[PDB]
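Residue numbers (the entry's author numbering), protein chains in the order written: chain A, 10 to 124; chain B, 10 to 98, 104 to 123; chain B', 10 to 98, 104 to 123; chain A', 10 to 124. A prime marks a further copy of an entry chain.
C-beta atoms are modelled at their ideal positions from N, C-alpha and C, and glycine is treated no differently.
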Amino acid sequence: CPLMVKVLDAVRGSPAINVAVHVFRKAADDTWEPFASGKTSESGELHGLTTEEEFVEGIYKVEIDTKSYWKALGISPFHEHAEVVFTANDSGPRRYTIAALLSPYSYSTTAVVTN
Amino acid sequence: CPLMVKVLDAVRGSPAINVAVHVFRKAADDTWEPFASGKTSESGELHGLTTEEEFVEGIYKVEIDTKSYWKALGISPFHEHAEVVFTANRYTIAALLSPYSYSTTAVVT
Amino acid sequence: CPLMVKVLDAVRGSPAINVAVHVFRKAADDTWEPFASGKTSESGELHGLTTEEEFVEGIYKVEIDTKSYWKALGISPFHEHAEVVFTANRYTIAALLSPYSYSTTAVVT
Amino acid sequence: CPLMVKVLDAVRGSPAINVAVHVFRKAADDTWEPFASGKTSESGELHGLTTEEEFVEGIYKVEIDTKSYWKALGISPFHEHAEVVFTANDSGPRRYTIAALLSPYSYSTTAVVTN
Ligand SMILES: O=C(O)c1cc(-c2ccc(F)cc2F)ccc1O
Ligand SMILES: O=C(O)c1cc(-c2ccc(F)cc2F)ccc1O
């Protein structure tokens, strides 16, 4: 599994469950094409987005729909969403985990990149 | 000054200086229109982006060119940039930068 | 002012006001001795902890009473406090607070 | 496994491997007693610190030896270590993951607490 997303909730100390995630890939003509989407599980994880074959070199945008998450919990947050934009697989294939930690007026994002 | 940006470097424990910042406002047709831009100062701060008059309610995007910042230091970064997207309904957008990670917070006072 | 502390609230997007901060210096016998203390201001800042004269090289501990802060808001927090331990060899110790998480950074200029 | 520690490296985008972790428990007389210790694996994780039976109610300090980690990589970091101090199991037993994200002049810590 070459692209995984993990989301945690810094207010509740829990995984962030059922968070919508949209992934896009920058096309030849510089527009963002829909690549893959899904939502985080009970463990705050989203797997199965893509395959090794499909996940070619490119610039990818991972959009985490944080606003809808916080709104469902009764919190009016600051951000519309958390976007993570990165070049992937430009010196051959890697496995990426995009991790986000969410608070209503703040988020943090890191990537763990392995061979 | 209703909107300011502050950027810090988590590797060096310093302001992140001369970092390009571009701000956009969402247009009626769902396009991002150029609003304001600047480079962070010696103190890692960017002031004077806009005025209370022009900073009306709307959806805004603040894009921080983190890649160029790391590249000028000879450090390979993960992200293409750091984007902060919010509805304006004083705003300080702060970002703390590492090569493979960033945090962003809004202080609204 | 060689040492200042700044605390922000990540739930409200605001300075964290009236937060108790205690600073200690490590003694020769490996004990923590009381050095300086204060409460954060309306801007979430604590200045005037010490002087250049007294702020000599050594190991320092900055303890931020985050538990009391959340408790006064009716929010059950995870941590007892936030501790920052460093060797002093201007220092701004910043902390960004959530109920189950905090981040701390040092800006040294 | 009721107490786990996970450590990531924000400079390299990798788990933080072989990081020393010391856990203490506040004793009756207000001193910190050695509870458990170990070091993070190739995945940046430390498991097997304690058992359900031993991990009673109390105030625990988890000390992550970040300075030694950064020094081994040629970086002179700001902090001596990252300390996480918390009351555990005070409304019955829980499972705790203490997560840290490390940069030379900054760290972040969150806890994920489950039943
Ligand atoms: O599985 C993980 O890698 C994980 C990670 C975090 C976390 C903590 C701090 C941070 F800045 C980002 C994170 F994704 C919090 C909890 C967690 O379980
Ligand atoms: O001026 C400020 O508001 C400031 C802020 C930080 C900081 C710390 C942690 C974090 F997640 C984000 C930040 F921008 C670090 C240092 C700092 O001076």
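task: Quick one: list the residues of chain A neighbouring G67(A'), beta-carbon separation under 8 angstroms, in chain order.
output: The premise fails here: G67(A') is roughly 18 angstroms from chain A at the closest Cβ pair, so nothing lies under 8 angstroms.
task: Under the assumption that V32(A') contacts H90(B') (Cβ atoms under 8 angstroms), give the Cβ distance between them as a whole number of angstroms.
output: With 8 angstroms as the limit, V32(A') and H90(B') do not qualify as a contact, their Cβ atoms being about 17 angstroms apart.
- request: Just the C-alpha distance for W41(A) and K35(A), rounded to the nearest angstrom, thanks.
  value: 5 angstroms
task: Just tell me which of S100(A'), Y69(A'), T118(A') and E63(A') has its CA closest to the CA of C10(A').
output: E63(A')
- prompt: Considering only residues of the stretch 19 to 98 of chain A', which uninterrupted beta strand (DSSP E) runs meet the minimum length of 3 residues and lie entirely inside it, listed in chain order?
  reply: 29 to 35, 41 to 48, 67 to 73 and 88 to 97
- prompt: Rounded C-beta distance between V71(A') and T49(A')? I'm assuming under 8 angstroms.
  reply: Not a contact, Cβ separation roughly 12 angstroms.
field: Given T96(B') as reference, the closest of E61(B'), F44(B'), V65(B') and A37(B') once Cα atoms are compared
entry: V65(B')
field: Supposed contact pair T75(B') and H88(B') - C-beta distance, whole angstroms, cut 8 angstroms
entry: The Cβ separation is near 6 angstroms, so the contact holds.
message: Please tell me whether, using a cut-off of 7 angstroms, the distance from the CB of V121(B') to the nearest non-hydrogen atom of ligand 2 is below it.
response: Shortest gap from the CB of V121(B') to any heavy atom of ligand 2: under 7 angstroms.
- prompt: Excluding sequence positions up to five away, which residues of its chain have a Cβ less than 6 angstroms from the Cβ of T59(A')?
  reply: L12 and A45
query: Along the stretch 19 to 33 of chain B, what residues have a CB closer than 7 angstroms to any CB found in chain A'?
result: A19, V20, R21 and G22
- prompt: Among all the DSSP beta bridges, which residues are the ones paired with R104(A')?
  reply: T123(A')
- request: Figure out for me which residue from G53(B'), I73(B'), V30(B') and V121(B') has the closest Cα to the Cα of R21(B').
  value: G53(B')
field: Nearest-angstrom Cα separation, counted from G83(A) out to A108(B')
entry: 28 angstroms
message: Residues of chain A with CB closer than 8 angstroms to the CB of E92(B), please, in chain order.
response: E92 and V94, listed in chain order.
- prompt: With 16 other CB atoms within 10 Å as the buried threshold, where does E92(B') fall?
  reply: buried
query: Counting only beta-carbon atoms, is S115(B') nearer than 8 angstroms to chain A'?
result: With respect to chain A', the C-beta atom of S115(B') has a partner C-beta closer than 8 angstroms.
- prompt: Along chain B', in chain order, which residues have C-beta atoms closer than 8 angstroms to that of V14(B)?
  reply: Those within 8 angstroms of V14(B) in chain B' number zero; the least Cβ separation is about 15 angstroms.
- prompt: When you compare only the Cα positions, how much space is there between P86(B) and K80(B)?
  reply: 7 angstroms
task: Determine the DSSP secondary structure at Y116(B'), reduced to helix, strand or coil.
output: strand
message: Given 7 angstroms as the limit, tell me if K80(B) has its C-beta closer than that to any heavy atom belonging to ligand 1.
response: no
query: Based on Cα-Cα distance, which residue from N27(B), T106(B) and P43(B) lies nearest to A120(B)?
result: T106(B)
message: Check whether chain A' comes within 8 angstroms of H56(B'), counting only Cβ atoms and requiring the distance to be less than that.
response: False, the Cβ-Cβ gap to chain A' never drops below 8 angstroms.
query: Around the Cβ of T118(B'), are there at least 16 other Cβ atoms within 10 angstroms (buried) or fewer (exposed)?
result: buried
- prompt: Is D18(A') closer than 8 angstroms to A25(A') when the C-beta atoms are compared?
  reply: yes
- prompt: Is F64(A) close to chain B, meaning its C-beta is less than 8 angstroms from at least one C-beta of that chain?
  reply: no
message: As a quick exercise: from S23(A'), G67(A'), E61(A') and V14(A'), pick the residue whose alpha carbon is nearest that of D38(A').
response: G67(A')
- prompt: Does the Cβ of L17(A) lie closer than 7 angstroms to at least one heavy atom of ligand 2?
  reply: The answer is no for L17(A).
- request: Return yes when at least one heavy atom of ligand 1 lies under 7 angstroms from the C-beta of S117(A'), else no.
  value: yes
Through-space distance from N27(B') to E61(B'), alpha-carbon basis: Taking the straight line joining both Cα atoms gives about 25 angstroms.
message: I'd like to know if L82(A') contacts chain A, where contact means its C-beta is closer than 8 angstroms to some C-beta of that chain.
response: no
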